[PDB]
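Peer 1: Pasting a structure here, questions to come.
What follows draws every value from the coordinates through simple rules; no lab data is involved. All Cβ positions, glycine included, derive from the backbone under ideal geometry; neighbour counts span all protein chains shown.
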Amino acid sequence: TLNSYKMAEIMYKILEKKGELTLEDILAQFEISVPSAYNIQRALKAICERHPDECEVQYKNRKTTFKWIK
């Protein structure tokens with residue numbers, strides 16, 4: 001059992017470095033399953049919504065994409 005929120009915090013600072021994140025980036029970083037990555041993505045979305053001046057969730061028909069906008 002892994003804390004999805006703690007994992008998402010790791011991704012959030014990777015977002016700041018990288019500028020942009022998708023589910024594939026979570027999968028590559030952690031080497032985990034798709035369902036697990038979606039749990040982290042859900043927690044990452046919650047973190048981004050706490051900082052709308054820094055992060056932008058670009059939900060589009062292709063895929064959810066996190067963008068650093070600070």
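Peer 1: Go through the stretch 1-13 and give me each residue that's among the aliphatic types (A, V, I, L, M) and crowded, with 16+ Cβ neighbours inside 10 Å.
Peer 2: Selection gives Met7, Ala8, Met11.
Peer 1: Next question. Identify, by number, the condition in (1) in contact with a helix residue (DSSP H, G or I) (Cβ under 7 Å, 6 or more places away or on another chain); (2) assigned to a strand (DSSP E or B); (3) not β-branched (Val, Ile, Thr) that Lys67 doesn't meet.
Peer 2: (1)
Peer 1: Pull up the stretch 43-54, narrow it to residues that are exposed (fewer than 15 other Cβ atoms within 10 Å of the Cβ) and assigned to a helix (DSSP H, G or I), then point me to the one that is nearest to the chain's Cα centre (by Cα).
Peer 2: Across the stretch 43-54, the extreme among qualifying residues is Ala46.
Peer 1: Next question. For the stretch 5-32, enumerate the residues that are among the β-branched types (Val, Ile, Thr) and within 15 Å of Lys63 (Cβ to Cβ).
Peer 2: Once the filter is applied, which keeps residues that are among the β-branched types (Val, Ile, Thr) and within 15 Å of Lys63 (Cβ to Cβ), the stretch 5-32 yields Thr22, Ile26.
Peer 1: Taking the stated definitions as given, is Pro35 within 16 Å of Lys63 (Cα to Cα) and either touching a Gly at 6+ places or on another chain (Cβ under 8 Å) or exposed (fewer than 11 other Cβ atoms within 10 Å of the Cβ) (or both)?
Peer 2: Working: within 16 Å of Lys63 (Cα to Cα): yes; either touching a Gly at 6+ places or on another chain (Cβ under 8 Å) or exposed (fewer than 11 other Cβ atoms within 10 Å of the Cβ) (or both): yes.
Here the answer is yes, as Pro35 does meet what is asked.
Peer 1: If you don't mind, another one. Give the residues of the stretch 15-42 that are β-branched (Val, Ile, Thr) and assigned to a helix (DSSP H, G or I), sorted by residue number.
Peer 2: Matches in the stretch 15-42: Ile26, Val34, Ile40.
Peer 1: Same structure, new question: Taking interchain pairs and intrachain pairs at least six residues apart, which have beta carbon atoms under 6 angstrom, with the first residue in the stretch 58-70 and surrounded by 15 or more Cβ atoms within 10 Å (Cβ to Cβ) and the second part of a loop (DSSP other than H, G, I, E, B)?
Peer 2: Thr65/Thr22; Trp68/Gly19
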